[PDB]
Number of protein chains: 2
Amino acid sequence: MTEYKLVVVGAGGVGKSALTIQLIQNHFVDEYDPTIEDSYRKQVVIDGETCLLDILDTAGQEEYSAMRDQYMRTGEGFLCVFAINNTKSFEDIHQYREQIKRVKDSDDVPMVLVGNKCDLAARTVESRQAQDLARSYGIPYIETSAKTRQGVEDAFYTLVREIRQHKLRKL
Amino acid sequence: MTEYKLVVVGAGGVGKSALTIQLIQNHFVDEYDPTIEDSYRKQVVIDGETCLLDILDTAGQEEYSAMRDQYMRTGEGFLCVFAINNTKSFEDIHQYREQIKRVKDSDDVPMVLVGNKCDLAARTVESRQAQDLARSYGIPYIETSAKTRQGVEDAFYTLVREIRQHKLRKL
Ligand SMILES: Nc1nc2c(ncn2[C@@H]2O[C@H](COP(=O)(O)OP(=O)(O)O)[C@@H](O)[C@H]2O)c(=O)[nH]1
Ligand SMILES: Nc1nc2c(ncn2[C@@H]2O[C@H](COP(=O)(O)OP(=O)(O)O)[C@@H](O)[C@H]2O)c(=O)[nH]1
Ligand SMILES: [Mg+2]
Ligand SMILES: [Mg+2]
């Protein structure tokens, strides 16, 4: 079947493992070891297509850049996640995008911007600032909650769709 | 009269000296010494108010950050300029904004985003991506041309207006 190599990138504590796990085993996990970086697979049907998703849940002292190299140049799409309540994780998004553009040699690599923890009623990053940021980047922005599961399938599947279009564009 | 300390910041070659000089001596300068960093003053009337503008035309190996310190913590407003035809100068904007927020201790310091050289019919940065970026930052975006003078007065005066409102907000 088709295999999409995805990389979930972002500051620590944003919820990268919680989103990944949520998608894979459909259950929320608080306290997953901040240090552990590993891949996860699941077979899914997205728009009629059966495919295998290969996800790298990035963890690591890797200064706001390219965690698991031999997966970064290979990733076909990146999920840039920040937390709706941590403005710093949100400002750090530019740096990940630049490293991703840097290793991949292009400003046309599939990516989706994810504002996670939207279940927290608080926020230090308003929905509108994120959408303008995404807009200027030309990428989608989706709000998710690993805690309640809202938006996690839309986030990853939007990323697959982006990869699909991008492949279809060389013809 | 009132004095507004402004700092013009941005990658080399964008046109910081050409904008500054344009405003001060109303004439275009090609080839101004890339190394020279100095201040310039002019008395102007902006919205009925007579004021003295004190501008620091930043130049210097100062790694995408805070050129002329004893002016950065003191600047009351910053003009972030990039060239409409140099995408890198445009991506470097985030770093200047962060240094500016960093020394000034706040994400509420007056600034205006300036897309210069708009006389060149070309472009690698489209007007819309810049405006979304500005929007997400909450700041104005103005396109100017040091070469033809279009927009240079609007850029600096928009910056003064921003400083004015910001001062008026503590009451
Ligand atoms: N309320 C809430 N907490 C979350 C959400 N996603 C993750 N968390 C919590 O945020 C912390 C960090 O999650 P984790 O996936 O370990 O972070 P990361 O892998 O370093 O990005 C943990 O306490 C998670 O339980 C979310 O959507 N909602
Ligand atoms: N076409 C055009 N060239 C410009 C404009 N502004 C500056 N330049 C040219 O761009 C180069 C860099 O200008 P300068 O002010 O020295 O750069 P900076 O001080 O390092 O930001 C010079 O060749 C300037 O003449 C502009 O609005 N239009
Ligand atoms: Mg983790
Ligand atoms: Mg100069």
Side-chain angles (χ1 to χ4, degrees), chain B residues 1-62 64-86 89-90 92-93 96-97 99-100 103-104 109-120 125 130 134 139-168:
Chain B
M1 60 196 109
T2 298
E3 253 190 87
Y4 293 102
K5 307 275 167 295
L6 317 183
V7 180
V8 187
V9 117
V14 302
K16 303 182 297 299
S17 303
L19 293 166
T20 298
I21 278 151
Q22 249 298 4
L23 174 99
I24 296 318
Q25 312 159 7
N26 187 0
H27 73 276
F28 177 58
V29 161
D30 28 40
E31 236 158 322
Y32 172 83
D33 191 325
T35 317
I36 308 311
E37 189 184 74
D38 192 46
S39 318
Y40 285 85
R41 286 168 167 217
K42 195 189 193 59
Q43 281 162 347
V44 297
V45 174
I46 299 162
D47 316 330
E49 190 207 61
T50 275
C51 51
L52 173 72
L53 260 23
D54 194 340
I55 315 168
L56 184 68
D57 173 37
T58 251
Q61 204 312 321
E62 206 292 315
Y64 324 123
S65 290
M67 35 302 283
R68 212 173 310 160
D69 186 276
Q70 313 261 273
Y71 243 99
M72 312 276 305
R73 17 193 57 86
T74 32
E76 292 170 295
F78 300 82
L79 218 72
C80 296
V81 11
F82 74 85
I84 234 74
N85 72 338
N86 170 340
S89 66
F90 176 65
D92 293 325
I93 289 307
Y96 289 118
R97 173 153 164 291
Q99 182 78 8
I100 286 154
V103 317
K104 218 72 190 158
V109 9
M111 53 183 98
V112 173
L113 175 64
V114 179
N116 184 68
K117 311 191 191 188
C118 69
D119 46 296
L120 296 156
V125 181
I139 56 161
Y141 166 63
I142 123 142
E143 294 202 328
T144 60
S145 164
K147 224 271 250 60
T148 63
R149 223 173 186 267
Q150 309 295 87
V152 335
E153 286 182 25
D154 305 328
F156 293 89
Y157 300 182
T158 290
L159 182 60
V160 173
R161 299 177 173 121
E162 290 288 297
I163 290 156
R164 226 127 68 157
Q165 296 293 320
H166 177 92
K167 304 202 291 166
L168 281 176

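Throughout, protein chains are lettered first and strands after them, A, B, ... in sequence-line order, and every chain is numbered starting at 1. What you see below is based on every heavy atom in this structure, not just the backbone, and it leaves out hydrogens, waters and symmetry mates.
Using a 4.5 Å heavy-atom threshold, the side chains of B:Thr50 and B:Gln43 count as separate. With contacts defined as side-chain heavy-atom distances shorter than 4.5 Å, the pair B:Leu159/B:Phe78 does not qualify. For the pair B:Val125 and B:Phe82, the minimum side-chain heavy-atom distance is below 4.5 Å. Using a 4.5 Å cut-off on side-chain heavy atoms (C-beta onward), B:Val109 and B:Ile100 make contact. Side chains of B:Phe28 and B:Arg149 form no contact here, defined as non-hydrogen atoms less than 4.5 Å apart. With a 4.5 Å cut-off on side-chain heavy atoms, B:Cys51 and B:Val44 count as touching.
Partners of B:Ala59 by side chain to side chain contact (heavy atoms under 4.5 Å, CB included), not counting sequence neighbours, listed by chain and number: B:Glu37. Residues satisfying the side chain to side chain contact (heavy atoms under 4.5 Å, CB included) criterion with B:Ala155, sequence neighbours excluded, are B:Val114, B:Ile142, B:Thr144. Remark: B:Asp119 engages B:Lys147 in a salt bridge (charged side-chain N to carboxylate O under 4.0 Å, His left out) (not counting sequence neighbours). Not counting sequence neighbours, B:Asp38 has no partner by the salt bridge (charged side-chain N to carboxylate O under 4.0 Å, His left out) test. For B:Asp47, the salt bridge (charged side-chain N to carboxylate O under 4.0 Å, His left out) partners two or more places apart in sequence, or in a different chain, are B:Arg161, B:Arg164. Partners of B:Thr35 under the side chain to side chain contact (heavy atoms under 4.5 Å, CB included) rule, at least two apart in sequence or in another chain, are B:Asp33. Judged as a salt bridge (charged side-chain N to carboxylate O under 4.0 Å, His left out), and not counting sequence neighbours, the contacts of B:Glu143 are B:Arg123. Residues forming a side chain to side chain contact (heavy atoms under 4.5 Å, CB included) with B:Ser39 (at least two apart in sequence, or on another chain): B:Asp54, B:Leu56, B:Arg68, B:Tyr71. Residues forming a ring-ring contact (aromatic ring centres under 6.0 Å, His included) with B:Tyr96 (at least two apart in sequence, or on another chain): none.
Shown here for B:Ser65 and B:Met72, the closest heavy-atom pair between the two residues is O-CE, 4.0 Å. B:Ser17 and B:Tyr32 make their closest contact through OG-CD2, 3.2 Å (heavy atoms, listed as atom of the first residue, atom of the second, distance). Of all the heavy atoms in B:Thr74 and B:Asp69, the pair that sits closest is OG1-O, 4.3 Å. The minimum heavy-atom distance between B:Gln22 and B:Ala146, with the atom names listed, is NE2-O, 2.6 Å.
Under the salt bridge (charged side-chain N to carboxylate O under 4.0 Å, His left out) criterion, the residue pairs touching residues 76-86 of chain B are B:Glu76-B:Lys167, with sequence neighbours excluded. Among pairs with a residue in residues 22-32 of chain B, none fulfils salt bridge (charged side-chain N to carboxylate O under 4.0 Å, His left out), at least two apart in sequence or across chains.
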Would you be so kind as to tabulate the donor-acceptor pairs closer than 3.5 Å made by side chains of residues 5-16 of chain B, with sequence neighbours excluded?
{"residue": "B:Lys5", "atom": "NZ", "partner": "B:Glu3", "partner atom": "OE1", "Å": "2.5"}
{"residue": "B:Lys16", "atom": "NZ", "partner": "B:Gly10", "partner atom": "O", "Å": "3.3"}
{"residue": "B:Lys16", "atom": "NZ", "partner": "B:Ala11", "partner atom": "O", "Å": "3.0"}

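In this structure a side-chain-to-backbone donor-acceptor pair under 3.5 Å is present from B:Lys104 to B:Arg73. Formation of a donor-acceptor pair under 3.5 Å by the B:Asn86 side chain with backbone atoms of B:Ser89 is found in this model. Counting only distance, with no hydrogens or angles, the side chain of B:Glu62 and the backbone of B:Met67 share a donor-acceptor pair below 3.5 Å.
Here the CG-CD distance, from B:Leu23 to B:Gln25, works out to 10.0 Å after rounding to the nearest 0.5 Å. To the nearest 0.5 Å, atoms CG (B:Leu79) and OG1 (B:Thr158) are separated by 9.0 Å.
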Show your working on side-chain contact (heavy atoms from CB on, under 4.5 Å) between B:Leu113 and B:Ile93 and close with a plain yes or no.
CA-CA 9 Å; B:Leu113 175 64; B:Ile93 289 307; 3.9 Å; yes
>> One pair to check against side-chain contact (heavy atoms from CB on, under 4.5 Å): B:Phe156 and B:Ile55. What are the steps and the verdict?
In response: CA-CA 10 Å; B:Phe156 293 89; B:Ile55 315 168; 4.0 Å; yes
### side-chain contact (heavy atoms from CB on, under 4.5 Å) assessment of B:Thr2 paired with B:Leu52
CA-CA 6 Å; B:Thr2 298; B:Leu52 173 72; over 6 Å; no
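Between the side chains of B:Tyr157 and B:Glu162, not a single donor N or O lies within less than 3.5 Å of an accepting N or O.
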